[PDB]
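Look below for two forms of one protein chain, each set out as C-alpha cells: first structure 1, then structure 2.
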Structure 1
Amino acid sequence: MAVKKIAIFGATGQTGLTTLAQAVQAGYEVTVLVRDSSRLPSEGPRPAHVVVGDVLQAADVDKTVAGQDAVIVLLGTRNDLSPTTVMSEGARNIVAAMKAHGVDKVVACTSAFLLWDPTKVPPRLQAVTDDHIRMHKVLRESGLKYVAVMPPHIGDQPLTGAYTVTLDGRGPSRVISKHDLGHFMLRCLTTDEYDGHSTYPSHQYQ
C-alpha cells in the first residue's frame, strides 16, 4: 500500500504550505495545483511537479491527479460569507479524476463544525460549512478510501507530532497547530485505520 506520489490541493494555503514542506522533506513526490506560482515560496522545500490551473476546471484537476498514489485536499475559500460551491465542485472534479486514473485514497479537510451541533456555527461561517458538508458528501458517497479530517481552530504553534486523534467525535482540546494538522494529513497516507472515518485532531500546547 506504499504511497510515494501525492497530489496536494490547497498547497498555497495556511495548512497547505506546511503540509507541502513536510511532505517534500519526508520524501514524497508532490504534485500541486496552484492558480499562481509566485505564492509557492522559492526557497527550501519545493514540490516535484507544479500544475498551474484551477480546481473548478476538470482538465486541470485530471492533469493533477494523473498517476498519483493518493490525494490530499486542503482547499479553502476563507473569504466567502454567502452561499458558495467551490470546494464541493472541486471535490467532484477530484473524485471523477481519481476514478479515471485509478487513485483510491483521498484525505480531505473540512472542519469540526461537521461534528458539533449546527447551532455552533457563526452566521457568517454557515455558507462555507454548508459547502464543507456538501464536499463531505461527494467524498463519502464516492466509494474511494476517504479519510475525513475535521479539525477545530487551526493554530500557529510549532510542530509536535504529539496530538491526539479521536475517531468520529471530539476530543480534549479545541486547537490543532497547522503544522500538526499537515503532519496528520500525511500520517493518513501510511495506514487504513482512519479510512472511512471522521477524524478530529487536537492537542494541548503551551
Structure 2
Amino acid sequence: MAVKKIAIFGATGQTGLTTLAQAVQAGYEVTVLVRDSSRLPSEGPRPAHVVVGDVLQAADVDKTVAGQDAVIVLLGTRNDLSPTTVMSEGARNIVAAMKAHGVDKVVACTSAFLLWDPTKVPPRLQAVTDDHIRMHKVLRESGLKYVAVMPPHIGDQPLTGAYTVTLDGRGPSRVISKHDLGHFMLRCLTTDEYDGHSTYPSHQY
C-alpha cells in the first residue's frame, strides 16, 4: 500500500510552496495547516484540504493529521532568528496527533548543521539550530518512521531531480534548490531506505 494522503506543515514557506505544488501534481491528496490562507497561491496545483490554524494548537494539528498516510514537516521561522521553540513544540503536537491517529511516517526538515561540526554554526543561526536539535530529538524519540532531512543552503535553482543524497553531510555541494529539496521530501514517501537516518541532499547546479 503506497502513501496517498499526506499532511504538509509549513506549506506556505519557500520550500513548502514548491513541495505542495509538486505533491499535488504527483497525485497526492494533500492537506495543509496554515495560519493565513492568503499565503497559498491561486495559480497552479491546489491542496485538497486546507485547515486554518496553528501548529502550536494541538487541536489544529490533530485535525490536520487525522486520516493521513504520512506527514511532511517544513516548519521554520522565516527571517526571525531569535530564540524559539516553535518548531519543536509543533513537532511535539505532530507526534502526538500521529500516534492518536495511527500515522507512522514523518519526513522533516532541519538543517545540515545537525550533521556538520557544531562549532561551525554561525552565531546568528545558533538559536534556530538549537530548536532544530530539539525538534530532531522529538522526532527521533517518537518511535515513528522518521526521515531526517538536513539540507545545506536552500537556493532558487530549477528543479532537476538529479541531486545527490548522502548520509553524513558531505556531498557535491553546499546548496540544494528549494524545488529539489521538495522533490526529495516526496521521494522519501515511496521508500523506507532512509527511515531512521539523517540525509543530506545537495547538487552542483
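Residue indices: 1-based, along structure 1. Only residues modelled in both forms are compared. In this text, rigid core is short for the largest set of C-alphas that superpose within 1.5 Å between two forms.
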Looking at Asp104, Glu89, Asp130, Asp80 between structure 1 and structure 2 with the core superposed, the single C-alpha displaced by 2 Å or more is at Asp80
After superposing on the rigid core, the Cα of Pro118 moves between structure 1 and structure 2 by an amount in angstrom of 1.1
When only the core is superposed, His49 shows a C-alpha shift between structure 1 and structure 2 in angstrom of 0.1
Here the CA of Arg170, compared between structure 1 and structure 2 on the core, is shifted in angstrom by 2.1
Segments shifting between structure 1 and structure 2 (at least 3 consecutive residues, Cα moved 2 Å or more after rigid core fit) are at 78 to 82, 168 to 170
